[PDB]
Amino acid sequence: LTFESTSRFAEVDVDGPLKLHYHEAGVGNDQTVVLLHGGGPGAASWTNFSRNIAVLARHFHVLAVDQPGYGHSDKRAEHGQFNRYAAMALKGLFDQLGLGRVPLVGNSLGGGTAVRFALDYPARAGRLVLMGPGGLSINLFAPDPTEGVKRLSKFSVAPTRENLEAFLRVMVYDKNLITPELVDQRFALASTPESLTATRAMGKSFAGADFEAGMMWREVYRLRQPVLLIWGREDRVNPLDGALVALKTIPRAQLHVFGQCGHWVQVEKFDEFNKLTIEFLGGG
C-alpha cells in the first residue's frame, strides 16, 4: 500500500464542481469505513492515518478522504460552516460510490465532519469513532480559546516554520514525535498560497451566521448509533472536559481515555487505537 497506489479522485457538486482526493484500500473486504483526518495546517489523509490505514485495510474497505481545503482536494477561498461544507462533499461522494450506511472514523476537525454528517444524513452514518473531536466538544472547564487553538491562530496570522513547530508540539504528549522531517513536510504543504487561503477561509467559517451548526453538543442526543469517543488525557487543543456533554447525551456512547497521550491518539497510541477501532466496528 502506497500513497500513489491508493490515490483516487472524484468530482461532486457542492455549489458547483468540487474535486475530492481520497485513498482506497482493502477493496476485497465487505465492510466499508470512511476516515476523516484532523485539520492542522498541512494535514491530509495519508499522513494523519499513516500508522492506521494498512492495519484497518486488513479488515475493512478503507476510504480515507482529504477534506475540502486539505491534501489534493479543492481549496476554495469561500465556503459556509466548514463541517457542514465537508459533510455535503462526503454525502456527494457516498452517492457517487453507491454507499448506503457506513461507519465513520474522525479525529479533531474530521470528528466534527463525521458528527455533522451523522446529524444531517442520519441514515448514511453507522457506528462513529471520534478522536479528540471538534464540534460535539464543549470545554466546560477550559477557557476558550485553548492553548492549542491560540497556537493555530498565531500560525494563521504569521505562517512561519517556528509558529508551525509550536502548534505541532502542543498536539502530542511525546514532543519527540515532532521530528525536523515532520515539521519540514507539514510546513511545505501548509505555506502554499492555496493552503493558506483554505486555512483562513476555514477560520472565518466558524463565526457569524450558522455558528449553531458548529455547536453539535446541542444535537448529539439524537444520534442512535454506538459512538466510541477516544481522548488523550493531555489533549491541549480539545481538552478532556470537552468529552462530558457527548458522553452523557449520546445514548450508546463509550469513552476511552489514554494517559500520556495528547491530541493525535491515532499516532501516539496507534496500536491501542487500531485494536479499539477494529473491535468496535465488528472486527470485519
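Throughout, rigid core stands for the largest set of C-alpha atoms superposing within 1.5 Å between the two forms. Numbering starts at 1 and follows the sequence shown.
*Asks:* Once the rigid core is lined up, would you tell me whether 110-118 or 206-214 has the higher RMS CA deviation in 6 other deposited structures of this protein?
*Replies:* So, of the two stretches, the farther one in 6 other deposited structures of this protein is 206-214.
*Asks:* Can you check whether 197-205 or 183-191 lies farther from the displayed model in 6 other deposited structures of this protein, averaging C-alpha distances as RMS after superposing on the core?
*Replies:* Per-stretch check in 6 other deposited structures of this protein: the more divergent one is 197-205.
*Asks:* Averaging only over Cα atoms, indicate whether 199-207 or 102-110 has the higher B-factor in the PDB entry.
*Replies:* The stretch with the larger average C-alpha B-factor is 199-207.
*Asks:* On average, are the C-alpha B-factors higher in 27-35 or in 216-224?
*Replies:* Between 27-35 and 216-224, it is 27-35.
*Asks:* Tell me, please, which of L18, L276, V267, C261 has the highest C-alpha B factor according to the deposited entry?
*Replies:* Highest C-alpha B-factor among the listed options: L18.
*Asks:* From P180, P133, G126, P145, which pick has the Cα B-factor that tops the rest in the entry?
*Replies:* The C-alpha B-factor peaks, among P180, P133, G126, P145, at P180.
*Asks:* Using only modelled residues of the chain, where does the Cα B factor of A54 rank: lowest third, middle third or highest third?
*Replies:* It falls in the top third of the chain.
*Asks:* Looking at the temperature factor on the CA atom of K175, which third of the chain's modelled residues does it land in?
*Replies:* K175: CA B-factor falls in the highest third of its chain.
*Asks:* Grab the CA temperature factor for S156 from the record and place it in the lowest, middle or highest third of its chain.
*Replies:* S156: CA B-factor falls in the highest third of its chain.
*Asks:* Looking at the entry's B-factor column for C-alpha atoms only, identify whether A188 ranks in the lowest, middle or highest third of its chain.
*Replies:* According to the entry, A188 has a C-alpha B-factor in the chain's highest third.
*Asks:* Should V149 be placed in the lowest, middle or highest third of its chain by the C-alpha B factor in the entry?
*Replies:* Middle third by C-alpha B-factor.
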